[PDB]
Amino acid sequence: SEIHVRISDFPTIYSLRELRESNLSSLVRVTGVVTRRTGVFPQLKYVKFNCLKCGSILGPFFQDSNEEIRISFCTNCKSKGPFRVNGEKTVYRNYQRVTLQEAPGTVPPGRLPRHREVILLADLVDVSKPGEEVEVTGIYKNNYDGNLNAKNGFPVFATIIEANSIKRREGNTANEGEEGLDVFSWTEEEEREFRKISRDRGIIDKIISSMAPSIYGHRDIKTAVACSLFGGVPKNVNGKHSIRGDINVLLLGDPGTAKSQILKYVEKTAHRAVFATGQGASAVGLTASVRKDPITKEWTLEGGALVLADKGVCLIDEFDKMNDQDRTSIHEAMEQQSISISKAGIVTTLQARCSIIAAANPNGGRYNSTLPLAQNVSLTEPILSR
Amino acid sequence: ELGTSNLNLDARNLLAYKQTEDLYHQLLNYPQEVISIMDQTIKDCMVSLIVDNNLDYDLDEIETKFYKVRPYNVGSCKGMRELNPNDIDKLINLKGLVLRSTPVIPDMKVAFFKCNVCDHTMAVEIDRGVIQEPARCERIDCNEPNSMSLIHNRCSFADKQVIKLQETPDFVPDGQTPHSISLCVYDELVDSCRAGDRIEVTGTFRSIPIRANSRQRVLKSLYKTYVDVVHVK
Amino acid sequence: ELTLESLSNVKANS
Amino acid sequence: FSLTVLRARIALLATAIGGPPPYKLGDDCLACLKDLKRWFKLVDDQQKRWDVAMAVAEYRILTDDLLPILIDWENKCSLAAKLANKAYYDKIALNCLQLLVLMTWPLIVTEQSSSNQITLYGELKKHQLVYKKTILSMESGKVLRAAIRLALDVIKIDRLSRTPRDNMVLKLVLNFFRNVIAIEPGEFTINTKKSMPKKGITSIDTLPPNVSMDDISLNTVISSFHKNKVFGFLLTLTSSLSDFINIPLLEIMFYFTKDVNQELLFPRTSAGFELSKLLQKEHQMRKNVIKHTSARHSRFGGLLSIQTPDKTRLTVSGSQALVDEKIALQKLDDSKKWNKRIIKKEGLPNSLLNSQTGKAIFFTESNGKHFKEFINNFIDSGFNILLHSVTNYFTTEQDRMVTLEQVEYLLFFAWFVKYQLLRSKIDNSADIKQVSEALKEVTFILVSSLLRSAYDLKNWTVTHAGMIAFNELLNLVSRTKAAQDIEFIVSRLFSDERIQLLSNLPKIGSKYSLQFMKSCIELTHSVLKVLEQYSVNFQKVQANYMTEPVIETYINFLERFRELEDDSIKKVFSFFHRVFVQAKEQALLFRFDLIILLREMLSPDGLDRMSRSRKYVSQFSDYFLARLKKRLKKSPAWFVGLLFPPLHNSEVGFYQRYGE
Amino acid sequence: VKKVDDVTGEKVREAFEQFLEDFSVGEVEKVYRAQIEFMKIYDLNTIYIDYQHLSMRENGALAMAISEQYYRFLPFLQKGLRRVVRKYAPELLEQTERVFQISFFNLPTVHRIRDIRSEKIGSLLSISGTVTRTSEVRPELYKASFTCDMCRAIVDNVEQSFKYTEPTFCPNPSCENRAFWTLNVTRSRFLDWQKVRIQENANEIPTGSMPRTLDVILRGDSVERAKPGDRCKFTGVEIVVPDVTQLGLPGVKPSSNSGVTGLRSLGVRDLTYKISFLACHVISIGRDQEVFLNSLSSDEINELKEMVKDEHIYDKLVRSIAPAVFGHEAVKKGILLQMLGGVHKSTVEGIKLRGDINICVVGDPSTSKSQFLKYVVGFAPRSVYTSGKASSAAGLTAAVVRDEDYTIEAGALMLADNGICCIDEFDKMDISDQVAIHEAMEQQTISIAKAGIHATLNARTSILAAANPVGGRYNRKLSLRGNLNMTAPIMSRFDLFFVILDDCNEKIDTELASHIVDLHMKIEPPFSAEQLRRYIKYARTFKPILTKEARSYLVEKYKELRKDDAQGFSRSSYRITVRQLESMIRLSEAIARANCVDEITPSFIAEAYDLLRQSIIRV
DNA sequence: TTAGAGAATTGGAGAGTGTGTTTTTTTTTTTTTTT
DNA sequence: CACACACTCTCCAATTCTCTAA
Ligand SMILES: Nc1ncnc2c1ncn2[C@@H]1O[C@H](COP(=O)(O)OP(=O)(O)OP(O)(O)=S)[C@@H](O)[C@H]1O
Ligand SMILES: Nc1ncnc2c1ncn2[C@@H]1O[C@H](COP(=O)(O)OP(=O)(O)O)[C@@H](O)[C@H]1O
Ligand SMILES: [Mg+2]
Ligand SMILES: [Mg+2]
Ligand SMILES: [Zn+2]
Ligand SMILES: [Zn+2]
Ligand SMILES: [Zn+2]
């Protein structure tokens, strides 16, 4: 029935710290990391109340998605009484209230992060997963609430952002200067150009040579990274047997050979990429963790690096320096491509179709060519075979 | 010669003189009225002394200043655990070590209303914590009822500092933990005893009702007790 | 029938 | 649907005239100006809607489009006047200024007015202030310099060579000056169809956010007048009096002086000395306030019982009452929550018709200095000539004058004749002949006839417009008598016909506004002093003044001591002081109202201790108490007769009021 | 409409007017008239009025009038301000009404949290304390403008109290409205509102007593100017904030020490009051070349011109670094090059190239390493000092702490972002701790994926480590690798290694003692610290580039380094990687910045090669 | 003009409709990161 | 649930008013 317009590439980008009263009821482009996300609750679009005293029809008031519709005196009679909606002619729209939080990258070091609630209306729900980093364009409106006025003791209002568009910037933080809500979306001309250049003989060599253009040599590493980036086909025989369809790469070598730089490039290039390093990646943060929800007080399951990188790439720098009991947590998600969690009464099997690219470092810092591979690394066969 | 207000009057000095024995007993029994009349007598005696000795001074300045009396050493060191409820509104001497002290609590003394239709402002004195708001504008040319709105920041406030006194360890029975009582300090002596100090406090042991429900006027029948400090040593 | 130029010359104060 | 179509047409005209960033005249600009003029005229009087003006104010037409037209024409006019299609470039400003004066015309609402006009009056009075706000602040308000061009074009030619048509141009341009400066905030018309709740009106500030009381006061108007040179315009217009330029001009230069007092002219870090004095006074009153508050908190609980007659044990709280028994009795008095009902009551430009004594508009020192000489130059130029010009018109159409004419004329006359006398009193550089020309017999008899005619129609405002002039009549008679037969013909007709009018108003006007009561006390004070140099009899005129309602209306003024000034209390007290030994009629003064006001006077909460008002009053009250004691000691029944009003019986009337 | 006017109020307004317009205060200059012109230039609406200027005029009468009854006099001051600002230039007020904020500062006396008394309510204070918590910048209603639900009449300029006060009556005498209105958010005026929670300073707290806190309200331009931890000197009116729950609100209900009662709007419930400061001004008490030059005064420009045109500027800078340390010219030169840094280039593929220089001053326990670190942390801006002992729970890099959700605790390597992280006792911190900074020292980011939290944090810091050799005293019989517990991956990330030894020389100790005792008795630096800081800031704006011959010389020097570092039968380099080539580039850029030249000559590359070679020939 | 017979209006008690509570986060498991 | 509060709905006799009284 209706077509919405998603404005993209707003010039003036703010942060949840620089918003002021001058921005009220004006388009803003704040940037932050999603923290909470309610379910997609249907919301009243055109409320058509029926008078209880005398009338039976009230005007199709537009719900503003921020404040409750006020009826006050009825039109049929001035007398006031209870009112309720009509189920005959009523239309609903999706409603989700995501809670943006200032990104740890843009938060000043050591300071607490600010946060504003963001309303996602129809067609925008479920577009920003929790924990992802997004750029939200929308109207910066304010509504009055008595709770805040009572708490602060001043006639102070509560602000909220009615999102008009969302672009995710998680896993492509090096992709500034690009245009559009999706850097990886292609136009028809772009698709024709893809089909034209693919027919070229030696396109594979061009693609391989174009992986790390500012990194000399390492054609074997570039080939492996290109193969991992494109990936394979995930088979499923008769619905019973399932074959992994993603390629895992392990870069093992001496220091100063651009192993971490290649990983940073892959993070820049791949669609859904997550970077985790060494000891700074625990077992449950790599795959999945359960937590007691502070508001509803029950156990809920939240994904980690291997879920945020689903159908993408997960980059693990300094693979050999992670704890063994943290490194063994990616055994299932790297072969079966599914995280199985049965903690706190939550028995479920998440899906993580990741493609691990890990950079290691040989024992002693130098790769001893006179010894076999197993004697140069601390990794074992079950993780080396993946 | 120093321009001070408080007086560190001692209780035994009333027994020393002849005609002020009934005065001392009434001070122990009726501390509020006795202290008020003592303060008024102090002010009148000082202005009379200024008049008589011809020591030239601003009479208005002396009259404006509120002069206080601090009767200490009222009696034997009464125990906190032995505060039976017939000591209500009676002068009490207590000894203990202060646990903590709340920040300054402003209590309204003089209200300040404004006529929201003619900008007429008058101050209504507050007695016993009740607001006697004017029924209408004082100005006859306006005399609009219900046109008065309180201007909170233009009122006059006093200083109240509730202090949680604790029974001294050397006097508490060895079995049970020492008890505690709540002090009340007004207009002076505020921050005159930081936490950890040991003091001998003199004040009137008073009890007030507490509202069971904030919205309603229902009052609990337990009458939480405090003491109105008049001197701290 | 206002031109783009009129749009730039606000008439309503707000 | 009709209203939004009207809005559509206004917006269509707004984008048709043109805009900026120099303003550009669009195609058919004259046609759209004529269309707008015709629509506004049709909706103003023919239909009486007052909605087109609203739409114009909404599009900010007067600010965004109309003002830049005159601003852009000003530079062309200056270039053409200094260099040495002029008719087309001249006629364009005529319609713009005609529209401006039409929108700036004051709005009047009466009972005969329909609901639309009263409904939109409150929504358009703020826009009226907006117009004058943006006009005065528009780069020194140069639009008035363009306005005076719409008058100098016609007045340049010979007066005998005037035009039967161009004559209306002068009226139209002149009305703009009086209309812009008469713009004042209105009144919040509370909807009294139902009983108001436990809370009153929240905000009485009838000002839109773009309008501040700083940018709309008469100080801004006077500063704009000085900076726009229009002082010379107002002087030259009056310099060539020797008809249609009299009635508007009567209020063009009167509106900004309709309520401004002449005391602020003379002071009698310069502004900071009065600041220090006011701080001292407020410190004194705050010191008096704290004399009641307890030395300790309210909850100290000072309870007492007053052993009143009959061994009563009435309980009143408060440690303050323990200090003095009078404080305890006052706390007894004000403890009652029951109160009685006190009854109470501008249709013309607000001023003395509705302004209290403290409403002195703040003036810049330089602005005050300029205004001191502006009015003096006007008086030295054409004051009496302008008065004599309208003397002939005032003698005709007595019953054809709307109530606006009296309030806009009598106040002007009285204010300026009072200013001239006070200026002559403070400084001798001004001759009394500069105002002595107002003693003409015909003018005096006509103004007296108007004053007496206003009495029978219950037009109290029009009558108050007359007492303010009647005071200065006696004042000027005294001034021209002391400083000197021309004064006799003006001050001998109040023998028998006028004594009733002057001796009846004080007895009846006590139930009205404060200024109405203030007028009569000044009248009596002046009349008791003008005749003192010739005594038709001193003992006979005072006989009709010593009446109980007269004493009531004099003592009703004393109850406002929180706002009465030194002279206000001085006149009221001197009325009784001058009759203490000269008349010896103190028996009628024995009401408790005067004794309670005396108690308030000598109390520190009333009159100032450092001032020069409470000393002689205190001594005279000391003598008053001696007189009271002497008169009460000789009559036991007079102890309770002091409260009850006097009696009409024959023998007691001389037995009690005169003591045999 | 009859309204009585407090003549004292307009008198104060007029006196403020003359003070603002004709103060004319070391030649005569109308400072406040120029202040209003300054406001017109940039549209800012904060008038910083010094209190001394107000006190000297009017012999202190107006100053006392302000300082005693500020709360009641404020609207009159605003009106007087409007008068002057309109008179000088009406360029104020799609008209957008301008709300002004008079700021008073430099009060004669400064109070404190302990010295709060309720008898100072409605008066100007200068409260000073350490901020511990700041709320969000919420917009508070300032001048509401309601539209009634019927007859569409607009009630405007409704002044707001601490409550949500709304008009009670409609100006149009045909609208029935006593509690029904719809606020016009677009027409209403809002003000920035922040609530900071300050507390008593540490030195002002009596022993044993807990610190006393206060809630200070910040409005307007003074928002976000007081960060937590910073000791600020607030100044403004002190007010008391009632409990708006008791006053009654459209959306909440009263909730359950001495509360008064009896108000018409209250009924049977009581009202309690809380003291809260309302700050009007807060100050803490604890870039192209042309842009920097235009921000510098001409007198400083002269000093900078003398430096840049100098011939021996490089050696003078080296000798002027850490004057209180005797000898150690090489370490001084390395520290100087650290502050200048390199160029933080970013290639086309998105790969970021490091531009920061890392130094490691390894030396005997009696040497002057910590003196160098302390000088750097006390001189270089945005620098922190930390040890390897890992004092705080958060490590050198970052940590997550559960809140009784997860949040990031900033480590030492993050607080020094875009600065220098002076790490001390680099050997003490364990090998299981070294693996954390391998990325933060080369990729300059810290990546954390612990539990429900996942972020790639920024650490663009230069590390100046100071590690004691293994065994306490340096052993020259072994290479630098043997004397240090650091491994090859972390030893190759350090650009410069400086070895300083306390050789048992009878003469050297004499100069050392004479120097230390000489300082304690009173060092003459050719450039003072404040004088050198502006030169470093000016030089940092340079971005030197490599000339054509510079590239060839750099490649040849790198070839020589790798040839001389070859070890093993398979010719496997151990100490010299391509990181050393990038280190030569970084040092060349830093040296060229020292000479304030935009081109890198082969002399600079030769010097950088010498600097690297001297740190690896230690055998 | 005075003491006294007639109209005319509206505030202070009360009928009544709808409110507002009492009402709670301890202690005990389970997880997770550091220690 | 019901007792107490806040407040809309509703209502006669004491308080004000102006025509006919002395
Ligand atoms: N060349 C020097 N010039 C000036 N003072 C020096 C010099 N060498 C040593 N000192 C002094 O020697 C003392 C100790 O030096 P530090 O800088 O504290 O080194 P350090 O921290 O003690 O070394 P360790 O291994 O941590 S114990 C300080 O008071 C220095 O001022
Ligand atoms: N083959 C190469 N081409 C270009 N630069 C390289 C190459 N190998 C290493 N480098 C440089 O070495 C620097 C450090 O690489 P680094 O990310 O530390 O690799 P590793 O983590 O394996 O030691 C990078 O800035 C990179 O530019
Ligand atoms: Mg690496
Ligand atoms: Mg050290
Ligand atoms: Zn209905
Ligand atoms: Zn009033
Ligand atoms: Zn309305």
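Visitor: Would you mind going over the overall build of chain A with me for this structure?
Guide: Counting its regular elements, chain A contains 10 helices and 21 strands. Considering only C-alpha atoms, chain A reaches an extent of 95 × 50 × 50 Å along its principal axes. In chain A, 66% of the contacts between residues at least 6 apart in sequence involve partners at least 24 apart.

Visitor: What should I look at first to understand the overall build of chain B in this one?
Guide: Across its full length, chain B carries 4 helices and 12 strands. C-alpha atoms of chain B, sized along the principal axes, occupy 70 × 60 × 30 Å. Summarising the internal contacts of chain B: among those between residues at least 6 apart in sequence, 64% fall at separations of at least 24.

Visitor: Quick question: what am I supposed to make of the site of ligand 2 here?
Guide: Among the 15 residues in the neighbourhood of ligand 2, the closest are listed as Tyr216(A), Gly256(A), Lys259(A), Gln443(E) and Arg579(E). The residues that come close to ligand 2 belong to more than one chain, namely chains A and E. Note that an oxygen atom of ligand 2 is positioned 2.5 Å from one of the backbone N or O atoms of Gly256(A). Between ligand 2 and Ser260(A), the relevant distance is 3.0 Å, taken from an oxygen atom to a side-chain nitrogen or oxygen of the residue. Burial of ligand 2 by the surrounding chains reaches 89%, relative to a free accessible area of 560 Å². Considered class by class, the residues forming the shell around ligand 2 number 5 nonpolar, 6 polar and 4 charged.

Visitor: What's the story with the site of ligand 1 in this structure? I'm lost.
Guide: Residues and elements named next belong to chain E. In the region of ligand 1, 14 residues are neighbours, and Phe 326, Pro 365, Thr 367, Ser 370 and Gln 371 sit closest. At a separation of 2.7 Å, an oxygen atom of ligand 1 approaches a polar backbone atom of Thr 367. Contacts to ligand 1 include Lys 369, whose side-chain N or O atom sits 3.0 Å from an oxygen atom. In isolation ligand 1 has 630 Å² of accessible area, and contact with the protein removes 66% of it. At the level of secondary structure, the elements contributing two or more residues to the shell around ligand 1 comprise α11 (369-379) and α17 (506-521). Across the shell around ligand 1, the residue classes break down as 6 nonpolar, 7 polar and 1 charged.

Visitor: Looking at this model, I keep getting lost on the coordination of the zinc ion (ligand 7). Mind explaining?
Guide: When a metal carries six donors in an octahedron, the ideal angles between them are 90 or 180 degrees, while four donors in a tetrahedron ideally lie at 109.5 degrees. Residues and elements named next belong to chain E. Distances from the zinc ion (ligand 7) to its protein donors, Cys 148 (SG), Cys 151 (SG), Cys 170 (SG) and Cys 175 (SG), fall within 2.3 Å. Coordination at the zinc ion (ligand 7) is tetrahedral: its 4 donor atoms span angles of 106 to 112° at the metal. For the zinc ion (ligand 7), all donor residues lie on one chain, and their spacing in sequence is C-x2-C-x18-C-x4-C. Of this pair, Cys 148 sits in strand β5 (residues 138-148) while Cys 170 sits in the loop between β6 (154-159) and β7 (181-183); the two residues are 22 residues apart in sequence, bridging distant segments of the chain. Assigned by exposure class, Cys 148 and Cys 170 land together as buried.

Visitor: Looking at this model, I keep getting lost on empty space enclosed by the protein. Mind explaining?
Guide: Which parts of space are left empty comes out when a probe the size of a water molecule is rolled across the atoms. Residue and element names in this part refer to chain D. Of the voids in this model, the largest cavity is the one considered here, and its volume is about 340 Å³. When residues of the lining of the largest cavity are traced back to their parent elements, those giving at least two are α16 (403-426), α18 (441-456), α19 (460-482), α21 (497-508) and α22 (514-530). Classifying every residue of the lining of the largest cavity gives 18 nonpolar, 4 polar and 2 charged. Volume-wise, the second largest cavity comes out at about 110 Å³. Taken together, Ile 10, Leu 13, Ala 14, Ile 17, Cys 32, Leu 33, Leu 36, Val 56, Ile 61, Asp 65 and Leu 66 make up the full set of residues lining the second largest cavity. Taken together, the elements giving at least two residues each to the lining of the second largest cavity come down to α1 (2-17), α2 (29-46) and α4 (61-83). Among the elements that make up the lining of the second largest cavity, the one with the highest residue count is α1 (4 residues). Grouping the constituent residues of the lining of the second largest cavity by class yields 10 nonpolar, no polar and 1 charged.

Visitor: Is there a simple way to explain the environment of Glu176(E) in this structure?
Guide: With respect to the helices and strands, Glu176(E) occurs in the loop between β6 and β7. Here the alpha-carbon distance between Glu176(E) and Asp149(E), two residues 27 residues apart in the chain, equals 9.4 Å. Within the structure, the side chain of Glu176(E) is placed 2.4 Å from the side chain of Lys78(A), a separation counted as a polar contact.

Visitor: Which parts of the structure should I look at to understand the nonpolar core?
Guide: Residues and elements named next belong to chain D. Within the largest apolar cluster, 164 residues are counted, with the highest numbers of intra-cluster contacts made by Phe 176, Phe 383 and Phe 412. Among the elements that line this core, the one with the most residues is α16, at 12 residues. Residue contacts for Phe 412: discarding those within four places in its chain leaves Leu 250, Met 253, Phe 254, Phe 383, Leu 386 and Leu 387.

Visitor: What am I meant to see in the UniProt feature "zinc finger region: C4-type" in chain A here?
Guide: Under the UniProt annotation, the feature "zinc finger region: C4-type" is placed at residues 51-77 of chain A. The span residues 51-77 of chain A carries 0% helix and 11% strand; its end-to-end C-alpha distance comes to 9 Å.

Visitor: For this particular structure, what's the right way to read the interface of chain E and chain A?
Guide: It is common to give the size of an interface as the accessible area that goes away when the parts come together. Taken together, the contact between chain E and chain A spans 69 residues of the former and 62 residues of the latter. With 6 residues, strand β8 (residues 189-199) of chain E is the largest single contributor of residues to the side of chain E that touches chain A. When its residues are assigned to classes, the side of chain E that touches chain A shows 33 nonpolar, 18 polar and 18 charged.

Visitor: Help me understand the interface of chain E and chain B in this model?
Guide: Chain E puts 35 residues into the contact, and the matching count from chain B is 44 residues. Of the roughly 3400 Å² buried where chain E meets chain B, counting both sides, 53% is carbon and sulfur surface. For the chain E face of the interface with chain B, the top three residues by lost area are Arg212(E), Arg264(E) and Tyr273(E), together amounting to 20%. In this assembly, chain E and chain B are joined by 4 salt bridges. For the salt bridge of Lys3(E) with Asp119(B), the shortest nitrogen-to-oxygen distance reads 4.0 Å. Seen at the junction of chain E and chain B, the total is 16 residue pairs in polar contact. Secondary-structure elements contributing two or more residues to the side of chain E that touches chain B are α5 (70-88), β10 (231-242), α6 (244-247) and β11 (273-284) of chain E. Residue classes in the side of chain E that touches chain B are distributed as 16 nonpolar, 10 polar and 9 charged.

Visitor: Explanation requested: the pattern of salt bridges in the structure shown.
Guide: Two side chains of opposite charge can pair, provided their charged atoms sit close to one another. This model, assessed by the stated rule, comprises 79 salt bridges over all chains. Ionic pairing is found between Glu117(A) and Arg97(A), a salt bridge with its closest N-O pair at 2.4 Å. Within this pair, whereas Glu117(A) is found in strand β9 (residues 115-120), its partner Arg97(A) is found in strand β8 (residues 92-101), the two being separated by 20 residues in sequence. Residue class for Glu117(A) comes out partly exposed when judged on its relative accessible area of 28%. Since its relative accessible area comes to 29%, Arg97(A) is described here as partly exposed. Here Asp22(E) ties to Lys30(E) by a salt bridge, and the two come within 3.6 Å at their closest N and O atoms. In this structure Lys30(E) comes out as partly exposed when scored by relative accessible area, which is 29%. Via salt bridges that share partners, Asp214(D), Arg13(E), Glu14(E), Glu17(E) and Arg83(E) belong to a single interconnected network.

Visitor: Help me understand the arrangement of the chains in this model?
Guide: Most contacts, compared over the 6 pairs of chains touching, are made between chains A and E. Separated throughout, chain A and chain C approach each other most closely at a C-alpha pair spaced 13 Å apart.

Visitor: I'm lost on the protein's contact with DNA strand F in this one. Help?
Guide: DNA strand F sits among 21 residues. The nearest are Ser282(A), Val290(A), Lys343(A), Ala344(A) and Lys450(E). In the interface set of DNA strand F, defined as its atoms within 4 Å of the protein, sugar plus phosphate atoms amount to 89%. A distance of 2.4 Å separates a phosphate oxygen of DNA strand F from a polar side-chain atom of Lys343(A). The separation between a sugar or linking oxygen of DNA strand F and a polar side-chain atom of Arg341(D) is 2.7 Å. Within the residue set of the surface near DNA strand F, elements represented by two or more residues are β16 (288-292) of chain A together with β14 (398-402) of chain E. Looking at the surface near DNA strand F element by element, the count peaks at 3 residues for β14(E). Its residues assigned to classes, the surface near DNA strand F comprises 10 nonpolar, 4 polar and 7 charged.

Visitor: Can you walk me through the packing of aromatic side chains in this structure?
Guide: Aromatic rings in a pair are described by how distant their centres are and how their planes are angled relative to each other. Evaluation of the coordinates by the stated rule reveals 55 aromatic pairs over all chains. When the ring of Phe580(D) is compared with that of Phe624(D), the centres are 5.7 Å apart and the planes differ by 5°; the resulting orientation is stacked. Of this pair, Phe580(D) sits in the loop between α25 (566-577) and α26 (592-602) while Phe624(D) sits in helix α27 (residues 614-633), and the two are 44 residues apart along the sequence. Above the plane of the ring of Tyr142(E) lies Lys143(E), whose end atom (NZ or CZ) is 5.9 Å from the centre.

Visitor: How should I be thinking about a positive patch on the surface in this particular structure?
Guide: A surface patch of like charges, here positive, comprises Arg287(E), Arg382(E), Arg533(E), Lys537(E), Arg540(E) and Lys543(E). Structurally, the position occupied by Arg540(E) is in helix α18 (residues 529-540).

Cut-offs applied
Residues numbered from 1 in each chain as written, not as in the entry; some residues may be left out. Chains lettered and ligands numbered in written order. Part of a larger assembly, values for the part shown. Heavy atoms only, no water. Residues with missing side-chain atoms left out of burial classes, pairs and counts. Helix = DSSP H or I, 4+ residues; strand = E, 2+ residues; numbered from the N terminus. Contact = heavy atoms within 4.5 Å. Near = heavy atom within 4 Å. Polar contact = N/O pair within 3.5 Å; in protein donor to acceptor, adjacent residues only side chain to side chain. Areas by Shrake-Rupley, 256 points an atom, 1.4 Å probe, with all protein chains shown as cover. Nonpolar A, V, L, I, M, F, W, Y, C, P; charged D, E, K, R; others polar. Donors = N, O, S within 2.8 Å, 3.2 Å for Na, K, Ca; no water. Tetrahedral: all angles 85-135°; square planar, octahedral: opposite > 155°, others 65-115°. Buried < 20%, exposed > 50% of the residue type's maximum accessible area, 1.4 Å probe, protein only. 1 Å grid on protein atoms, 1.4 Å probe; cavity = no way out; pocket = protein on both sides within 12 Å on 5 of 7 lines; lining within 4 Å. Points joined across faces, edges and corners; volume = space filled by probe spheres on them. Core = buried A, V, L, I, M, F, W, Y, C linked by side-chain atoms within 4.5 Å. UniProt positions renumbered as here; feature names shortened; annotations may be inferred. Buried area = accessible area lost by both parts, 1.4 Å probe. Salt bridge = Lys/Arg side-chain N within 4 Å of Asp/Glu carboxyl O. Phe/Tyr/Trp six-rings, centres within 6.5 Å; stacked < 30°, edge-to-face > 60°. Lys NZ or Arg CZ within 6 Å of the ring centre and 35° of its normal. Patch = residues over 30% accessible without salt bridge, like charges linked within 9 Å, V, L, I, M, F, W, Y side chains within 5 Å. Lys, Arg positive; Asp, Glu negative; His and termini not counted. Charge placed at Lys NZ, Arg CZ, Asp CG, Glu CD.

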